[PDB]
Structure formats: C-alpha cells, structure tokens
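Chains as they are written, first to last, in the numbering used here: chain A, 5 to 73; chain B, 5 to 73; chain C, 5 to 73; chain D, 6 to 74; chain E, 5 to 73; chain F, 5 to 73.
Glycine residues also receive a C-beta, built at the ideal position from the N, C-alpha and C atoms.
Written below as structure tokens is the structure these notes are about.
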Amino acid sequence: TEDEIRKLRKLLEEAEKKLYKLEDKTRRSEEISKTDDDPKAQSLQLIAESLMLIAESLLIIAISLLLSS
Amino acid sequence: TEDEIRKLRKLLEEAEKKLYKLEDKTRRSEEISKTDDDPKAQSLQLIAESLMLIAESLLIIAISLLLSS
Amino acid sequence: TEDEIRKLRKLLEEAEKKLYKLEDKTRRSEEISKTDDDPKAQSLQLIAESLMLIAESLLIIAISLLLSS
Amino acid sequence: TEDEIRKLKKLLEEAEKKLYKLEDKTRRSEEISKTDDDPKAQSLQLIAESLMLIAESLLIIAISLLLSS
Amino acid sequence: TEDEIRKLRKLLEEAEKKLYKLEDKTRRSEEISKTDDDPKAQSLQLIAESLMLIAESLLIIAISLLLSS
Amino acid sequence: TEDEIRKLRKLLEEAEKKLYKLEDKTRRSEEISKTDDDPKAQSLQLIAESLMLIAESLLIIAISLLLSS
C-alpha cells in the first residue's frame, strides 16, 4: 500500500516526465513539416498528435484514480 | 486536496484548449482531404478522426472523474 | 454546478452525433472502393473500423460516468 | 432514468452487434490474407487483432459500468 | 447475484484466452524480425506490442470493474 | 478474497515487466533509427512512443482499480 502507492506516484511522475518528452518531440516533428509533404503522412502527424492528447487524458485519469483510492 | 485538484483542472483546461486546437486542424485537413483513388490515405484520415473523437471522450471522462471524486 | 453538468452532457451528445457521421463516412468509404486488391489497405480498413468502435464504447462510458456523478 | 439506461442499453447492444460483426470480418480477412512478404502488412494484421481485443474489453467495461450504476 | 456476473465472467474469460493467443502470435512474429531492414516496420512491430499491452491492461481493468459490481 | 487480487496483481506485475521490455526496445530502436528522410517514419516512431505512454497509464489505472476493489 503506502510505499507502492508511493511507487505508483513516482511511476506517475516518471510518466509526466516521459509526456513532456513526447510533447516536445511532436513539436519537433511539426517543425519538420514544411512543404506540406504527403497527405497520408500529414494524417500521420495528426494521428500522433491525437494519441499524445490521449496520453495526456489517461495520465490525468491515472493521477485522479490514484487520488480517488 | 483542492489545490491539488484544481491544478488537475488546470491541466484539463489546457487539454480542452488543445483538443479544439487539433479538431480544427482535422476539419481543415478533412476538407483538403484529396479524395483520389488510393484508399489507404482515406482510411488514415478516418483513423485519425476516430482517434480525435476517442480523445474527446477520454477528455470528458477525465473531467468527470476528477469532478466526482 | 448543474450548469456545467448540463453543458458537459451537451458536449457528450454533440459527440454522439459527430460519431454517427464518422461511421457513416466510413460505411460509404469502405463500401464503395468497389473491388479490393490490397492487403495493407484491407487491414487498415479493419483498423479504422475497430477504432471507431472503441470510439463508440468510450462514448458510452463517457455517458455513464457523467450520470454516475 | 428508467428510459435513460434503456437507451444506453440500446447503444450497448447495438455496439455488441457490430463488434461481433467485425470479429467475423477480421477472422476471415485476417487469415484470407497471407501474402507474407513484409512485417509491415503482418504487423497490421496484428494491430487490428489487438484493436479488436480492446474493443471487446471496452465494450465489457461499458456493460459492467452500466451494471454498476 | 453470483450467477448474473457468471454469465459476464463467461464472456471475460473467453477474452483472456483469446488475448493469451494473440500474444503468442505476436511474439512469434516479433521473434521473426528477419535481419534489420525497414524502420517503419520496426515501429509497427513496437506499435503492435504496445497495443496488446494496452489490451492486457484493459482486460484486467475489465476484470476488476466486474469485481466491483 | 484478497488473495484473488494478489493473483491479479501478479498478472499486472508481468504486465509491468513486459512494459519496461518494450520500453527498453523503443529507446533501443530509436537510437538505431538514425532516420531523417521521411516524416512518415518520424511520426511512426512517435506513434509507438505515444502508445507506450498510454499503456503505461493504463497499467497505473489497473493497479489502482484492483486495489480499490
């Protein structure tokens, strides 16, 4: 309980830090989008931006489910 | 917990603000989606769109879960 | 905050209607590429279809969690 | 509240009816394609099956959350 | 009571076993990453593994959610 | 009773073990990536890292849900 819940919480903060690693790499991938490239590729970039937002939401739910228990 | 909890809603208002930010990019690319012969591109845009609506759902579930702790 | 639960339920059903449209766009798309000779395309079509379904169920969980408040 | 979970049940039962639809479609499509040349296409068969499994599970979570409220 | 969740447990253990099989199929395929060659394929392989990990997790959440009712 | 949760939590521990394995694979393949030609590929490595982050969050949620039941 109390120490694993602490381990869950450093797991959760390690995910936060992983998240800012990806928030930053999709921006670095958006800066590499210049001539507008290939349409399926454009869709790919947008797909990846969507899952980072999904990751963002699952992370808040994980934080909050930790707080709810 | 309310200071921890509202900073979680801080994050979630940033999250709404990003979702709408990306859905307009979907709408923008979804009318410039060139409906040519290859289905693979088409499926990718449909794929990205479902991903955006699921992200949407996760976002509201995240809203609900933090608010009904 | 009955107001916000109301407008949250608003977005919830606003999202239901966009999904029905999403799934309708894909019924058309996947149906009328009249003959298929592609494996990758074929699997992607299944991928989008599955995605839309979890969009479907996450939408339903979003409804239940909202009312479960 | 009485009619509300019936419409939720409506949605949930209609969803079941399509998961099973795509499980049949994935079943026969997934082994009617055996070109076997590049892990790209094979990894797609795999992703789709994985997605089919999460749709199953998410559907069960919706069923059970509805059972929980 | 005990048997209403049995009819549902019946469905969740079909799922575990079918997941039991997809992980077997992907690990053989993950084992056959013949030579090195394309990176896109490499990411697809990784994508597929993360999705069964996702599938595993929602499977266990589905179990616990069913145990909560 | 609580021993049932320990059987479940072990499956989650095996999930935790494989998660870090895939994580180790993803850092490893991102250094062997050494690609800057196609955005498609850059976004693919992004999709896989995003998926890794999500599965990861799902794991924290599953742990908490099992212990909260």
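Select from F:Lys21, F:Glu6, F:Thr5 and F:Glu8 the residue whose C-alpha is nearest the C-alpha of E:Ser61. F:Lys21
Going along chain A in order, which residues have a C-beta closer than 8 angstroms to the C-beta of B:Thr5? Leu71
Specify, as a first and last residue, the run of the alpha helix (DSSP H) that D:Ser48 falls within. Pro44 to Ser73
If you compare alpha carbons, which of E:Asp41, E:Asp40, E:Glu34 and E:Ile65 is closest to E:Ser54? E:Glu34
Verify whether the separation of the beta carbon atoms of D:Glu54 and D:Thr40 is less than 9 angstroms. no
Rounded to the nearest angstrom, how far is the Cβ of C:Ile65 from that of D:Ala67, given a contact under 8 angstroms? 5 angstroms
Going by CA-CA distance only, name the one from E:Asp28, E:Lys29 and E:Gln46 that's closest to F:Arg32. E:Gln46
Could you check whether F:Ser72 and A:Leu69 sit closer than 9 angstroms to each other, using their CB atoms as the reference points? yes
If you count every other CB in all the chains shown that lies within 10 Å of the CB of D:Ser73, and 16 or more means buried, which is it? exposed
Ignore the nearest five residues each way along the sequence and tell me which others in B:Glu18's own chain have a CB closer than 6 angstroms to its CB. none
Residue-chain proximity (C:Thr30, chain B), Cβ-Cβ < 9 angstroms: yes
Is it right to say C:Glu8 is buried, meaning 16 or more other beta carbons lie within 10 angstroms of its own, or is it exposed? exposed
DSSP three-state assignment for C:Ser68, whether helix, strand or coil: helix
Comparing C-alpha positions only, which one of D:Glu36, D:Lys15, D:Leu63 and D:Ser62 sits nearest to E:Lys29? D:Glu36
Rounded to the nearest angstrom, what separates E:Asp42 and A:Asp42 at their Cα positions? 19 angstroms
Assign F:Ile36 to one of two classes, buried (16 or more other C-beta atoms within 10 Å of its C-beta) or exposed (fewer than that). exposed
Quick one: list the residues of chain D neighbouring C:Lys44, beta-carbon separation under 8 angstroms, in chain order. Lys45, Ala46 and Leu49
Can you tell which of B:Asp40, B:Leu26 and B:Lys38 has its C-alpha closest to the C-alpha of B:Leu57? B:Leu26
Between which two residues does the alpha helix (DSSP H) harbouring C:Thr30 extend? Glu6 to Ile36
What are the residues of the stretch 14-27 of chain F that lie near chain E, defined by any Cβ-Cβ distance shorter than 8 angstroms? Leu15, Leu16, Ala19, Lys22, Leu23 and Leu26
Could you tell me which chain E residues have their CB closer than 8 angstroms to the CB of D:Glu19, listed as they occur along the chain? Near D:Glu19 there are no residues of chain E at all, since even the closest Cβ is about 17 angstroms away, more than 8 angstroms.
C-alpha gap between D:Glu18 and E:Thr5, whole angstroms: 22 angstroms
With a threshold of 9 angstroms between beta-carbons, can residue 3 of chain C be considered close to chain D, or not? This structure does not reach residue 3 of chain C, given that chain C is present from 5 up to 73, and the question cannot be answered.
Mark D:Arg11 as exposed unless 16 or more other C-beta atoms lie within 10 angstroms of its C-beta, in which case mark it buried. exposed
Own chain, CB closer than 6 angstroms to F:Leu12, minus 5 neighbours either side, in chain order: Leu70
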